[PDB]
$ cat start.json   # JSON, C-alpha atoms
[["chain", "number", "residue", "atom", "x", "y", "z"],
["N", 1, "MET", "CA", 119.51, 156.66, 144.22],
["N", 2, "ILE", "CA", 120.73, 159.35, 146.58],
["N", 3, "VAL", "CA", 124.06, 161.07, 145.88],
["N", 4, "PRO", "CA", 127.21, 159.25, 147.08],
["N", 5, "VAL", "CA", 128.50, 160.76, 150.31],
["N", 6, "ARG", "CA", 132.21, 160.45, 149.45],
["N", 7, "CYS", "CA", 134.37, 160.47, 146.34],
["N", 8, "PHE", "CA", 135.48, 156.98, 145.29],
["N", 9, "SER", "CA", 138.98, 158.18, 144.32],
["N", 10, "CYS", "CA", 140.38, 160.99, 146.49],
["N", 11, "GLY", "CA", 138.33, 160.39, 149.63],
["N", 12, "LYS", "CA", 136.70, 163.82, 149.54],
["N", 13, "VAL", "CA", 133.07, 164.49, 150.51],
["N", 14, "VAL", "CA", 130.58, 165.67, 147.89],
["N", 15, "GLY", "CA", 127.35, 164.45, 149.45],
["N", 16, "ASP", "CA", 126.34, 167.73, 151.08],
["N", 17, "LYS", "CA", 127.05, 169.90, 148.03],
["N", 18, "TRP", "CA", 124.40, 168.36, 145.73],
["N", 19, "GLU", "CA", 121.57, 170.53, 147.06],
["N", 20, "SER", "CA", 123.56, 173.75, 146.65],
["N", 21, "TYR", "CA", 124.85, 172.62, 143.24],
["N", 22, "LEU", "CA", 121.31, 172.20, 141.94],
["N", 23, "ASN", "CA", 120.58, 175.79, 143.03],
["N", 24, "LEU", "CA", 123.21, 177.39, 140.79],
["N", 25, "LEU", "CA", 121.88, 175.61, 137.69],
["N", 26, "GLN", "CA", 118.48, 177.33, 137.44],
["N", 27, "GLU", "CA", 118.41, 180.14, 140.01],
["N", 28, "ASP", "CA", 121.67, 181.62, 138.69],
["N", 29, "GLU", "CA", 121.45, 180.07, 135.18],
["N", 30, "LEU", "CA", 125.15, 179.21, 135.13],
["N", 31, "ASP", "CA", 126.90, 176.57, 133.06],
["N", 32, "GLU", "CA", 127.94, 173.20, 134.42],
["N", 33, "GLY", "CA", 131.71, 173.72, 134.49],
["N", 34, "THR", "CA", 131.64, 177.02, 136.37],
["N", 35, "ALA", "CA", 129.03, 175.67, 138.78],
["N", 36, "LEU", "CA", 131.21, 172.62, 139.44],
["N", 37, "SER", "CA", 134.25, 174.82, 140.08],
["N", 38, "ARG", "CA", 132.24, 177.20, 142.29],
["N", 39, "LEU", "CA", 132.04, 174.47, 144.96],
["N", 40, "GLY", "CA", 135.74, 173.68, 145.23],
["N", 41, "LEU", "CA", 135.58, 170.60, 143.00],
["N", 42, "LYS", "CA", 138.97, 170.86, 141.30],
["N", 43, "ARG", "CA", 140.20, 167.33, 140.67],
["N", 44, "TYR", "CA", 138.23, 165.97, 137.76],
["N", 45, "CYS", "CA", 137.23, 162.89, 139.80],
["N", 46, "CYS", "CA", 134.98, 164.99, 142.06],
["N", 47, "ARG", "CA", 133.59, 166.64, 138.93],
["N", 48, "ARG", "CA", 132.96, 163.10, 137.70],
["N", 49, "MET", "CA", 131.05, 162.25, 140.89],
["N", 50, "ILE", "CA", 128.74, 165.26, 140.73],
["N", 51, "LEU", "CA", 128.43, 165.70, 136.96],
["N", 52, "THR", "CA", 127.30, 162.20, 135.92],
["N", 53, "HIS", "CA", 124.80, 161.41, 138.70],
["N", 54, "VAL", "CA", 121.40, 159.91, 137.87],
["N", 55, "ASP", "CA", 119.02, 160.86, 140.72],
["N", 56, "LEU", "CA", 116.59, 157.93, 140.78],
["N", 57, "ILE", "CA", 115.22, 158.64, 144.27],
["N", 58, "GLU", "CA", 112.54, 161.00, 142.94],
["N", 59, "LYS", "CA", 110.89, 158.17, 140.96],
["N", 60, "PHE", "CA", 110.68, 155.46, 143.64],
["N", 61, "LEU", "CA", 109.24, 158.15, 145.93],
["N", 62, "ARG", "CA", 106.06, 158.52, 143.84],
["N", 63, "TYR", "CA", 105.45, 154.83, 144.42],
["N", 64, "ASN", "CA", 104.84, 152.18, 147.05],
["N", 65, "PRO", "CA", 106.42, 148.77, 147.79],
["N", 66, "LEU", "CA", 103.04, 147.01, 147.50],
["N", 67, "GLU", "CA", 101.41, 146.61, 144.09],
["N", 68, "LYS", "CA", 103.45, 147.09, 140.91],
["N", 69, "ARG", "CA", 101.91, 145.48, 137.83],
["N", 70, "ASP", "CA", 103.63, 144.27, 134.66],
["C", 28, "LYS", "CA", 99.20, 140.63, 162.27],
["C", 29, "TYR", "CA", 98.99, 141.56, 158.58],
["C", 30, "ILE", "CA", 98.42, 144.61, 156.39],
["C", 31, "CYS", "CA", 96.27, 145.39, 153.37],
["C", 32, "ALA", "CA", 97.75, 145.89, 149.91],
["C", 33, "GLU", "CA", 95.78, 148.92, 148.66],
["C", 34, "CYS", "CA", 94.96, 151.00, 151.75],
["C", 35, "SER", "CA", 97.48, 149.20, 154.03],
["C", 36, "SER", "CA", 94.80, 148.71, 156.68],
["C", 37, "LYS", "CA", 95.91, 147.05, 159.91],
["C", 38, "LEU", "CA", 94.32, 143.60, 160.23],
["C", 39, "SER", "CA", 94.71, 140.51, 162.40],
["C", 40, "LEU", "CA", 93.88, 137.09, 160.94],
["C", 41, "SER", "CA", 93.40, 133.69, 162.54],
["C", 42, "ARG", "CA", 94.33, 130.27, 161.13],
["C", 43, "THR", "CA", 90.80, 129.77, 159.74],
["C", 44, "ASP", "CA", 89.68, 133.27, 158.70],
["C", 45, "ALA", "CA", 89.34, 134.13, 155.02],
["C", 46, "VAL", "CA", 92.39, 135.83, 153.49],
["C", 47, "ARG", "CA", 90.69, 139.13, 152.65],
["C", 48, "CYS", "CA", 90.70, 142.77, 153.70],
["C", 49, "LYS", "CA", 87.70, 144.00, 155.67],
["C", 50, "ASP", "CA", 87.44, 147.50, 154.19],
["C", 51, "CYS", "CA", 88.53, 147.04, 150.56],
["C", 52, "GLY", "CA", 87.92, 143.30, 150.17],
["C", 53, "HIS", "CA", 91.11, 142.57, 148.24],
["C", 54, "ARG", "CA", 92.76, 139.15, 148.09],
["C", 55, "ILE", "CA", 96.39, 140.32, 148.48],
["C", 56, "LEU", "CA", 97.72, 140.54, 152.05],
["C", 57, "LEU", "CA", 101.20, 141.40, 153.31],
["C", 58, "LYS", "CA", 102.89, 140.54, 156.60],
["C", 59, "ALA", "CA", 104.28, 142.98, 159.16],
["C", 60, "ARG", "CA", 107.94, 143.30, 160.10],
["C", 61, "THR", "CA", 109.13, 141.87, 163.41],
["C", 62, "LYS", "CA", 108.17, 144.57, 165.91],
["C", 63, "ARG", "CA", 110.88, 143.51, 168.38],
["C", 64, "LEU", "CA", 114.19, 144.29, 166.69],
["C", 65, "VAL", "CA", 116.51, 141.29, 167.01],
["C", 66, "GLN", "CA", 120.28, 141.64, 167.02],
["C", 67, "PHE", "CA", 122.36, 139.27, 164.90],
["C", 68, "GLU", "CA", 125.96, 138.45, 164.02],
["C", 69, "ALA", "CA", 126.89, 137.74, 160.40],
["C", 70, "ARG", "CA", 128.98, 134.55, 160.32],
["F", 99, "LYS", "CA", 87.87, 143.84, 128.59],
["F", 100, "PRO", "CA", 89.94, 141.33, 130.59],
["F", 101, "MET", "CA", 88.34, 140.10, 133.81],
["F", 102, "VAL", "CA", 88.37, 137.11, 136.16],
["F", 103, "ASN", "CA", 85.75, 135.05, 138.01],
["F", 104, "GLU", "CA", 86.93, 133.63, 141.32],
["F", 105, "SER", "CA", 86.03, 130.23, 142.77],
["F", 106, "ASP", "CA", 83.18, 131.93, 144.66],
["F", 107, "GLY", "CA", 81.65, 132.94, 141.31],
["F", 108, "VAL", "CA", 82.23, 136.67, 141.85],
["F", 109, "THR", "CA", 83.40, 138.60, 138.78],
["F", 110, "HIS", "CA", 85.94, 141.42, 138.90],
["F", 111, "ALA", "CA", 88.06, 143.12, 136.27],
["F", 112, "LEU", "CA", 91.56, 141.65, 136.16],
["F", 113, "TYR", "CA", 94.56, 143.98, 136.20],
["F", 114, "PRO", "CA", 98.18, 143.04, 135.40],
["F", 115, "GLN", "CA", 99.33, 143.33, 139.04],
["F", 116, "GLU", "CA", 96.91, 140.64, 140.19],
["F", 117, "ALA", "CA", 97.80, 138.41, 137.24],
["F", 118, "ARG", "CA", 101.50, 138.77, 138.07],
["F", 119, "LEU", "CA", 101.26, 138.22, 141.82],
["F", 120, "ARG", "CA", 98.49, 135.59, 141.88],
["F", 121, "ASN", "CA", 99.77, 133.57, 138.87],
["F", 122, "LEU", "CA", 96.73, 134.34, 136.72],
["F", 123, "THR", "CA", 96.48, 134.66, 132.92],
["F", 124, "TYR", "CA", 95.77, 138.03, 131.31],
["F", 125, "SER", "CA", 92.90, 137.27, 128.93],
["F", 126, "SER", "CA", 89.36, 138.22, 127.94],
["F", 127, "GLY", "CA", 86.21, 136.49, 126.70],
["F", 128, "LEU", "CA", 84.73, 136.07, 123.23],
["F", 129, "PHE", "CA", 81.02, 136.24, 122.34],
["F", 130, "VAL", "CA", 79.53, 135.02, 119.05],
["F", 131, "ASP", "CA", 75.95, 135.13, 117.77],
["F", 132, "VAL", "CA", 74.43, 131.78, 116.78],
["F", 133, "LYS", "CA", 71.28, 131.09, 114.75],
["F", 134, "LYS", "CA", 69.60, 127.74, 114.04],
["F", 135, "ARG", "CA", 67.15, 126.62, 111.35],
["F", 136, "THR", "CA", 65.18, 123.40, 110.84],
["F", 137, "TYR", "CA", 63.90, 122.31, 107.42],
["F", 138, "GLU", "CA", 61.54, 119.39, 106.77],
["F", 139, "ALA", "CA", 60.65, 117.74, 103.46],
["F", 140, "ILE", "CA", 58.51, 114.80, 102.38],
["F", 141, "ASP", "CA", 60.84, 112.09, 101.03],
["F", 142, "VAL", "CA", 59.01, 110.90, 97.92],
["F", 143, "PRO", "CA", 61.13, 108.31, 96.04],
["F", 144, "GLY", "CA", 62.14, 109.41, 92.56],
["F", 145, "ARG", "CA", 61.57, 113.10, 93.32],
["F", 146, "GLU", "CA", 63.82, 115.91, 94.51],
["F", 147, "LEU", "CA", 63.49, 116.85, 98.17],
["F", 148, "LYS", "CA", 61.84, 120.26, 98.65],
["F", 149, "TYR", "CA", 62.58, 121.58, 102.13],
["F", 150, "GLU", "CA", 60.61, 124.44, 103.69],
["F", 151, "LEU", "CA", 61.40, 126.82, 106.52],
["F", 152, "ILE", "CA", 59.54, 125.82, 109.69],
["F", 153, "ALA", "CA", 61.56, 126.75, 112.79],
["F", 154, "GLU", "CA", 64.26, 129.42, 113.13],
["F", 155, "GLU", "CA", 65.81, 130.05, 116.56],
["F", 156, "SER", "CA", 67.54, 133.45, 116.59],
["F", 157, "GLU", "CA", 67.94, 135.30, 119.91],
["F", 158, "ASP", "CA", 69.38, 138.52, 118.46],
["F", 159, "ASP", "CA", 66.72, 140.48, 120.39],
["F", 160, "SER", "CA", 67.95, 139.20, 123.78],
["F", 161, "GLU", "CA", 71.27, 139.10, 125.62],
["F", 162, "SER", "CA", 70.97, 135.29, 125.70],
["F", 163, "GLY", "CA", 71.84, 135.10, 121.99],
["F", 164, "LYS", "CA", 75.52, 135.78, 122.69],
["F", 165, "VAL", "CA", 77.01, 132.29, 122.99],
["F", 166, "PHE", "CA", 80.20, 132.24, 125.05],
["F", 167, "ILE", "CA", 82.84, 130.50, 122.96],
["F", 168, "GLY", "CA", 86.14, 130.89, 124.79],
["F", 169, "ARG", "CA", 88.87, 133.08, 126.25],
["F", 170, "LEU", "CA", 91.57, 134.90, 124.29],
["F", 171, "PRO", "CA", 94.86, 136.21, 125.74],
["F", 172, "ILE", "CA", 95.53, 139.93, 125.42],
["F", 173, "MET", "CA", 98.87, 141.58, 124.66],
["F", 174, "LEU", "CA", 99.80, 144.47, 126.94],
["F", 175, "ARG", "CA", 99.07, 148.08, 125.89],
["F", 176, "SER", "CA", 96.94, 146.93, 122.93],
["F", 177, "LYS", "CA", 93.56, 148.50, 122.14],
["F", 178, "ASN", "CA", 91.53, 146.36, 124.56],
["F", 179, "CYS", "CA", 93.92, 146.53, 127.52],
["F", 180, "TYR", "CA", 93.26, 149.03, 130.31],
["F", 181, "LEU", "CA", 96.83, 150.35, 130.00],
["F", 182, "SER", "CA", 96.15, 151.86, 126.56],
["F", 183, "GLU", "CA", 94.83, 155.24, 127.77],
["F", 184, "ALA", "CA", 96.59, 155.50, 131.15],
["F", 185, "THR", "CA", 98.39, 158.74, 132.01],
["F", 186, "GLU", "CA", 101.52, 158.96, 134.17],
["F", 187, "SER", "CA", 99.59, 159.38, 137.43],
["F", 188, "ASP", "CA", 97.25, 156.58, 136.34],
["F", 189, "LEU", "CA", 100.28, 154.35, 135.77],
["F", 190, "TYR", "CA", 101.73, 155.31, 139.17],
["F", 191, "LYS", "CA", 98.53, 154.70, 141.15],
["F", 192, "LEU", "CA", 98.16, 151.36, 139.39],
["F", 193, "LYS", "CA", 101.96, 151.16, 139.90],
["F", 194, "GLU", "CA", 103.30, 150.85, 136.38],
["F", 195, "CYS", "CA", 106.77, 151.70, 135.23],
["F", 196, "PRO", "CA", 106.31, 154.66, 132.85]]

$ encode --input "start.json" --output "structure tokens"
Amino acid sequence: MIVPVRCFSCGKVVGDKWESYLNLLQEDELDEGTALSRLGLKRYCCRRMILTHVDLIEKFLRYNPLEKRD
Amino acid sequence: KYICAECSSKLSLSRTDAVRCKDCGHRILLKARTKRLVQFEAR
Amino acid sequence: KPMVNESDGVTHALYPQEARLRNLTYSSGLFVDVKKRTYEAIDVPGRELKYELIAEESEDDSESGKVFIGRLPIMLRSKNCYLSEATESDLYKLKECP
């Protein structure tokens, strides 16, 4: 499920930063805290938004709405 | 109109035709969404 | 392996998607060999009956010897089921949840 566009608490916008955040994690091999602070996420609620996100859109995408089995 | 379930082939079926796909021969057929978008008000 | 015969008499392997959507029953068929023997004896009063082999029907040399006996349900992912050896792409194209 694609990243929330806005922060549920302070109204800020975090939706656009997900793509750039993923870059710092393996291209620059940085840790999670410094990467989170590199993008201006300073309140811990924005860090909560980005840090604990389960990206489920890459699993539905390998799939079709037609013929799942059980 | 309808659509196949494996290859999603575009098919048209009458009220008497067999419910099958012509190319793959499967027995599972799906509808097609209303082509003309219809506006609504939620009440 | 599990399979289904439609009303038209055509036979095709049954997969869990079709069983789920079409309200079928995931099951397979059981085949058992059967052999028959007939013995005949002369019923002489006061004497023990001595039967002798005369006729023995055994079709082990032909595919007609397998008597169909019934259908047995199959539990998912067991040895017989098709899902046993499916890889991730196999499960996706058949549309399983990994």

$ residues_around --input "start.json" --residues "range 26-42 of chain N" --least-positions-apart "3" --cutoff "12 Å" --atoms "all atoms listed in the file" --output "number ranges by chain"
N: 7, 10, 12-23, 45-52

$ interface_residues --input "start.json" --of "chain N" --to "chain F" --cutoff "6 Å" --atoms "only C-alpha atoms" --output "MDAnalysis selection string"
chainID N and resid 68:70

$ axis_aligned_box --input "start.json" --around "range 29-33 of chain N" --padding-each-side "8 Å" --output "AutoDock Vina command-line options"
--center_x 126.6 --center_y 176.6 --center_z 134.1 --size_x 26.3 --size_y 22.9 --size_z 18.1

$ interface_residues --input "start.json" --of "chain C" --to "chain F" --cutoff "10 Å" --atoms "all atoms listed in the file" --output "list in words"
residues 33, 54 and 55 of chain C

$ closest_atom_pairs --input "start.json" --of "chain N" --to "chain C" --cutoff "12 Å" --atoms "all atoms listed in the file" --output "JSON lines"
{"residue": "N:64", "atom": "CA", "partner": "C:33", "partner_atom": "CA", "distance": 9.8}
{"residue": "N:65", "atom": "CA", "partner": "C:32", "partner_atom": "CA", "distance": 9.4}
{"residue": "N:66", "atom": "CA", "partner": "C:32", "partner_atom": "CA", "distance": 5.9}
{"residue": "N:67", "atom": "CA", "partner": "C:32", "partner_atom": "CA", "distance": 6.9}
{"residue": "N:68", "atom": "CA", "partner": "C:32", "partner_atom": "CA", "distance": 10.7}

$ residues_around --input "start.json" --residues "range 142-159 of chain F" --least-positions-apart "5" --cutoff "9 Å" --atoms "all atoms listed in the file" --output "VMD selection string"
chain F and resid 131 to 137 164

$ atom_distance --input "start.json" --atom1 "CA of residue 165 in chain F" --atom2 "CA of residue 130 in chain F"
5.4 Å
